[PDB]
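Here's the letter readout for the chains.
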Amino acid sequence: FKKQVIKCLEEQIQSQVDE
Amino acid sequence: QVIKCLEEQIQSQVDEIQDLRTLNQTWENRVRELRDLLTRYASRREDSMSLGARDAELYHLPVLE
């Protein structure tokens, strides 16, 4: 549960950096 | 600890995204203004060569002009 949220946050952060 | 750090990183990323969006909006506004000025300049450019006499004058005035 917590891990999935963390993974989503990390993916979002990477996407944000690319953006 | 780890959760707080991840949340802080996400918040920082969101802030960076917001800053980028604001910069993009400013750039877009500047681009729109430049495009509008260029478009207006085009209308003036379409009308060309003011007077008939000036053609005779062209001989008289300097070549660079």
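Regarding how it was determined, this PDB entry cites cryo-EM in its header, along with a resolution of 5.9 Å.

Peer 1: Please give an account of the overall build of chain B that cites residues and values.
Peer 2: What chain B contains, in helices and strands, is two helices and zero strands. Each principal axis of the C-alpha atoms in chain B carries an extent, and together these give about 85 × 20 × 10 Å.

Peer 1: Please give an account of unusual backbone geometry that cites residues and values.
Peer 2: Located in the positive-phi region is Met 49 of chain B, a residue other than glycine, with phi close to 70°. Locating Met 49 of chain B in the fold gives a position in the loop between helix 1 (2-46) and helix 2 (52-60).

Rules used throughout
Residues numbered from 1 in each chain as written, not as in the entry; some residues may be left out. Chains lettered and ligands numbered in written order. Part of a larger assembly, values for the part shown. Heavy atoms only, no water. Residues with missing side-chain atoms left out of burial classes, pairs and counts. Helix = DSSP H or I, 4+ residues; strand = E, 2+ residues; numbered from the N terminus.

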